[PDB]
Amino acid sequence: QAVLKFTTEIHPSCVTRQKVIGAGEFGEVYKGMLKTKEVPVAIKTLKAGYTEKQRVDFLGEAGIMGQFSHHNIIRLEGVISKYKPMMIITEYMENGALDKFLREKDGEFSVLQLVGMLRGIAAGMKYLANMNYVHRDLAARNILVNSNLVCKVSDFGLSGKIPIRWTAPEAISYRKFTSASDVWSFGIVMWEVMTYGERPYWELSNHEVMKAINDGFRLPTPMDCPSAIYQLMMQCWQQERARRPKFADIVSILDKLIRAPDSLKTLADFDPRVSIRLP
Ligand SMILES: Cc1ccc(C(=O)Nc2cccc(C(F)(F)F)c2)cc1Nc1nc(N2CC[C@H](O)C2)nc(-n2ccnc2)n1
């Protein structure tokens, strides 16, 4: 019962599951409604037959989500633990996940709006890191966008596909996941946002990505990208873990750039892949 100390217990009569929107570890995820007039929610279930480890992980997940209370972290509405199936219930965003959102809205936002999304993501990550929580799977697909353009860090589980091109070298090579490997991932998220959801490294295979990184290559600047933003993402990709900025440094820089917005007018040179010659 101590694991669920920051959570509210929801009675099953208050929950209506409507459509399957995904799969959990041992159950389905649904889009539904919560009566507490009604509010749309996402609902992850733990279905009959779950193992002891699955129960420990499921209630542990609920417990930490209840612990987190931050503008840029997905909100837990509550948990059903006293009845079967057990459920984790979160807020729901009609705009959905950030990766698909940006790809469907290519070129529709200002630079200031894009950088503001990154400041929010960075604030959520600073909070998680300070709370001693290592995310391990930070990517645009794990970020929800609300109707105010506020980004909420989430974790929907692996898509399970290993996200090599979001993962820092030390986490791939020897399983060292820390808030500094999350900083590497945040740099990739910065590139995802500024490109409107382009695939990191394009058609390179996972092996080719790792080889390029080991050889010293890094993603080139997005089109129309502020110089300061590319400089920042490049510093997230330092091979030496200890040289990367901490999330506190990232938040501070992004906040200062937004508050002095002329700083974002200086653009990094874009390397064109194709030359068009006209008079
Ligand atoms: C129900 C649910 C359960 C858990 C989580 C979750 O984040 N746990 C987590 C665990 C550890 C750390 C963090 C931390 F906070 F740190 F990052 C977060 C999110 C959702 N909620 C949810 N799940 C989906 N899924 C899952 C299957 C598909 O991918 C779609 N979709 C939406 N959704 C869609 C549109 N509006 C909302 N909501």
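Counting begins at 1 with the first residue of the sequence. Atoms within a ligand are numbered from 1 in the order they appear, just like the ligands themselves.
For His135, no nitrogen or oxygen atom sits less than 3.5 Å from a nitrogen or oxygen atom of ligand 1, counting backbone and side chain alike. For ligand 1, none of its N or O atoms has an N or O atom of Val29 under 3.5 Å away. The N/O atoms of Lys44, backbone and side chain alike, include none that comes under 3.5 Å of an N/O atom in ligand 1.
Ring centroid separation for the pair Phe177 and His135 does not come in under the 6.0 Å cut-off.
Looking at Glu94 against ligand 1, nothing comes within 4.0 Å, counting heavy atoms. For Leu128, every heavy-atom contact with ligand 1 shorter than 4.0 Å involves the side chain, none the backbone. In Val153, the parts holding a heavy atom less than 4.0 Å from any atom of ligand 1 are both the side chain and the backbone. Proximity of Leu144 to ligand 1, defined as any heavy-atom pair under 4.0 Å, is confined to the side chain (atoms from C-beta onward).
Among protein heavy atoms, the minimum distance from atom 25 (N) of ligand 1 is reached at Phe156 CD2, 3.6 Å. Here the protein heavy atom with the shortest distance to atom 11 (C) of ligand 1 is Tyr133 OH, 3.4 Å.
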CA sep, side-chain torsions, deciding dist, call: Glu170, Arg244, salt bridge (charged side-chain N to carboxylate O under 4.0 Å, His left out): CA-CA 13 Å; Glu170 70 275 6; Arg244 293 175 204 150; 2.8 Å; yes
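Classified by interplanar angle (parallel below 30°, tilted 30° to 60°, perpendicular above 60°), the ring pair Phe109/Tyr196 is parallel.
The existence of a salt bridge linking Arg75 and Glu91 is confirmed by a sub-4.0 Å separation between a basic side-chain nitrogen and an acidic carboxylate oxygen.
Linking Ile, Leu, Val, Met, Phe, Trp and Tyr residues whenever their side-chain heavy atoms come within less than 4.5 Å leaves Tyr174 and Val183 in two separate clusters.
Both tests pass for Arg273 against the ring of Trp202: distance under 6.0 Å to the centre and angle within 45° of the axis. Cation-pi check for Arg17 over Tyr30 is met; the charged atom lies under 6.0 angstrom from the ring centroid and within 45 degrees of its normal.
Using a 4.0 Å heavy-atom cutoff, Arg141 is absent from the residues neighbouring ligand 1.
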